[PDB]
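Q: Next up is a structure, given as structure tokens.
None of the figures in this text is laboratory data; all of them are computed from the coordinates on show. Cβ: placed from backbone, ideal geometry, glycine included. Neighbour counts: every protein chain shown.
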RNA sequence: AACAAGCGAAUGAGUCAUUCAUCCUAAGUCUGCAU
RNA sequence: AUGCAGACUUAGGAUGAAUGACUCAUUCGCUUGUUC
Ligand SMILES: [Ca+2]
Ligand SMILES: [Ca+2]
Ligand SMILES: [Zn+2]
């Protein structure tokens, strides 16, 4: 419901590329352009794609206008290079012929040329929007290839005017005729002739008896050359989102469908079909360049003014790209990284800014700085939500300038200006709304968690490219209340030098010979030592605040950099084992930091002594694990020594990590990743398909928890005891995982629900409560080319369920008839339940 | 890769609901103990 | 009053799983219309 939440889908607008904006539409005299060269080169060496030239009014940003992108076609891959060229001038005759080329081929293949009648006859320039006009036209191989453009412009004046075989345009040799571009005149769609039938004509068999009857009835047009061979020619299809590798290099080899037109209906174009094949690549290439242009525009808006700093447009691009956008990149890792950069920087800034606020009000002031609500506020105020690439990317909808837009989404979003203002009625809590789908004015539904993710992802993107300083610039550019004011960190040492160090028993020396750092101040490490039970003016609660953040950031920087192909949720699984406070307790004991936690609490002394007693020497070399948890003060010392390491070392994070990398020597790698037993238990029980009753209680001092798991014949009960009962659930789950890894008329079903998940919903909630394992389905389909109360379909799935009902013999049943696959399962569950009622197991009422 | 649509499926997401979890941080109440 | 402990709940960040339903993308089978 709140700003920054996932549930509030809020409508935002898209930003125009600002370099695709040309004012050169409707000049009187020829307009000058900056050119970029699209070199397409396939991995198959048998067929060539033509190189194109993008002709913008404005220069590109040298990171956009020199980029290589891979295009994943069907069963082949094309490298597209966007190397620059020179500034190219175009005369008005050249400018009209270039606009005719672009408008002709994009409208003839992707659009509908012959609207209704020829599109280029009726008035254009409505189709040349000034927000998006770029004039992309082939090159002869930095050249510009006026041969194909002149042929296309000549066939434009032709169609406005409307042994060798005869096209409507011109005659052609019968042999040098295959694989050439051709536009049919009676329905204006570009073809490309694969072959001419060797022994066929307009009289060939086609509810039409023949081809010439088909044209004489459908179009009413007398073929004045029936003798000549009608031509099989592959049609012009639509463009297909080459930017993502969807097939993963499923889709089977489909034959080309060819149309067969008499050559009189065809008009010859001297455009090669190298050009025609390259145009199918242009919607995805220009969508990628459009996106990189917005990314570099964001980079320019953010600036940096740093002498040694540069950030790619591809990394800004991935930082704005929500996962609703099927792509290779998806911002999710950068926004985990930027969550932790932001949390570090916010904690370090509040630590240094407020030397008197303790762990709680520092932590709450951080909750005000680092929230998704705060980052959503500072991102939408900064108008960074327009750069969000939260879109599926319909290439069918991609229209070049001059192309008609056969697929318009007319802006019924209620706002008539481009950029929406953040007001409610542009917020929606409901389902059925389509997140990502733009209208034609560029407005689309954004999850609003992804706006805050945008913020964090650009914090992380400037972190990767510029280190801490450029990420801190990105944060101040958003308006994050951080400044880092470096003498202020010196002022912290000037809150340390005034105190008289208390270096009494040379305790710090032994502690520093455990952590291999010198401590040029030594009161930071005394404060990181000092527990709140000593009742001093100082304590480690404030340095543990700082060190929670510096360790969460140093570890997720390690995890971001090492594991480059795994996203959040495995990085969060790994971070919740490195920054786990139990792990910090084992790291405190393993390096023996725990003998320097200075405290005056006897109950904390018996918690330390129980936890040192709980360590068991392992069965193989490994690591000495504990039996029980052991208190937070152990791990809080580890955090606070990291926090003292920052303020000691003038916030040098490479030094803080140079010290703390050998501390947790066995860093968790995702092979070595062992999740908490409860999580791993109910993930394994749900993935295999079983449930467990769970029961925890507080009998004596320490809590008890039993877990009755039901496998198919037995109910096996794993039970454990621990202080917290979340960890008694953890130990009962670990007991159950050991004794599971060795192995690896009374009930009321309640009312059957409807709305197509209802019966499987009720039987699943029933199997969880009255503990039976999940029913497994066996659907059966009889697909028919004839259609099948009912609404129509063509498969008629009749499904039978099984349920391995415990302490009974198993039961399979079936469903009458269902068009859907989900419904078949549903009706099979219903006929099962009524059958079960008859079998004296459950009562529906 | 003819095109649009509808229907069915498969796969990957996102989101909601349900009911459960993990990790870090703060806090409140209730219960217990003790100084 | 303070400390500790546990339950519960909330707030903040990062998340994950089963089930159910949408939605999207990609892909396939069919159907109709269109092209043929
Ligand atoms: Ca986030
Ligand atoms: Ca801690
Ligand atoms: Zn709109």
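Q: Could you give the C-alpha radius of gyration of the stretch A:574-674 expressed as a fraction of 2.2 N^0.38 Å, taking N as the number of residues it contains?
A: 1.12
Q: Roughly how many nanometres apart are two label points built 7 Å out from the Cα toward the Cβ at residue A:440 and residue A:788?
A: Modelled inter-label distance: 4.0 nm.
Q: Need the C-alpha centroid separation for the stretch A:356-423 versus the stretch A:648-693, integer Å.
A: First find each Cα centre; the distance between them is then 33 Å.
Q: Let me ask something additional. Among A:72-83, A:633-644, A:370-381, how do they line up by average Cβ neighbours within 10 Å per residue, starting with the highest?
A: Top to bottom by mean Cβ count within 10 Å: A:633-644, A:370-381, A:72-83.
Q: Another question, then. What whole-number distance in Å separates the alpha-carbon centres of the stretch A:781-845 and the stretch A:12-31?
A: 59
Q: Provide the packing ranking of A:231-243, A:298-310, i.e. peptides ordered by the mean count of other C-beta atoms within 10 Å per residue, highest first.
A: Ranked by mean Cβ neighbours within 10 Å, highest first: A:231-243, A:298-310.
Q: Right, something else. Shape call for the stretch A:365-521 from the C-alpha gyration tensor, a ≥ b ≥ c root eigenvalues: rounded (a/c under 1.5), prolate (a/b greater than b/c) or oblate?
A: Judged from the Cα gyration tensor, the stretch A:365-521 comes out prolate (a/c at least 1.5, a/b above b/c).
Q: So, in nm, how far is label residue A:125 from label residue A:606 when the simple model puts each one 7 Å beyond its Cα toward the Cβ?
A: 9.2
Q: Here's another thing I want to ask about it. Can you compute the modelled spin-label distance between residue A:699 and residue A:115, with each label point 7 Å from Cα toward Cβ, in nm?
A: So the two model labels end up 8.2 nm from each other.
Q: Where the Cα atoms of the stretch A:677-741 are projected onto their three principal axes, how long is each span, largest first, in whole Å?
A: The Cα atoms of the stretch A:677-741 stretch 35, 20, 16 Å along the principal axes, largest first.
Q: Just want the ordering: A:270, A:173, A:145, from fewest to most Cβ atoms lying within 10 Å of their own Cβ.
A: Going from sparsest to densest Cβ surroundings: A:173, A:270, A:145.
Q: Compute the whole-percent fraction of alpha carbon pairs in the stretch A:487-660 spaced more than 19 Å apart.
A: That fraction is 59 percent.
Q: Follow-up question, since we're still on this one. If you scale each eigenvalue of the Cα gyration tensor by 5 and take the root, what three semi-axes come out for the stretch A:288-478, rounded to whole angstrom and sorted largest first?
A: Equivalent ellipsoid semi-axes, largest first: 33, 20, 13 Å.
Q: When Rg is the radius of gyration of the Cα atoms in chain A and Rh is its Kirkwood radius, what does Rg/Rh come to?
A: Radius of gyration over Kirkwood radius for chain A works out to 1.07.
Q: What does the convex hull of the Cα atoms of the stretch A:179-220 come to per residue, in Å³, rounded to a whole number?
A: So the per-residue Cα hull volume is 80 Å³.
Q: To continue, here is another question. If you find the alpha carbon centre of the stretch A:211-235 and of the stretch A:583-601, how far apart are they in angstrom?
A: Using only Cα atoms to place each centre, the spacing works out to 90 Å.
Q: Using r as the Cβ-Cβ distance of residue A:175 and residue A:381, and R0 as 56 Å, what FRET efficiency do you calculate, to the nearest 0.05?
A: Efficiency computed from Cβ-Cβ geometry: 0.25.
Q: When all alpha-carbon pairs of the stretch A:160-256 are counted, what percent fall beyond 15 Å?
A: That fraction is 71 percent.
Q: Taking each pair of distinct Cα atoms in the stretch A:758-838 once, what is the resulting Kirkwood hydrodynamic radius in Å?
A: Value: 13.1 Å, from the Cα pair sum.
Q: Counting only the backbone N, which residues of the stretch A:498-524 are under 12 Å from the spot 7 Å out from the Cα of residue A:652 toward its beta-carbon?
A: Taking a point 7 Å out along Cα→Cβ of residue A:652, the residues of the stretch A:498-524 whose backbone N falls under 12 Å are A:517-520.
Q: Could you tell me the calculated FRET efficiency between residue A:310 and residue A:81, based on Cβ-Cβ distance and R0 = 22 angstrom, to the nearest 0.05?
A: Computed FRET efficiency for residue A:310 and residue A:81: 0.60.
Q: Using a Förster radius of 56 Å, what is the FRET efficiency between residue A:425 and residue A:520 based on their Cβ-Cβ separation? Nearest 0.05, please.
A: 0.45
Q: If a/c stays under 1.5 just call it rounded; otherwise compare a/b with b/c (prolate if a/b is bigger, oblate if not). Do that for the stretch A:1-140, with a ≥ b ≥ c from the square roots of the Cα gyration tensor eigenvalues.
A: Verdict is rounded for the stretch A:1-140.
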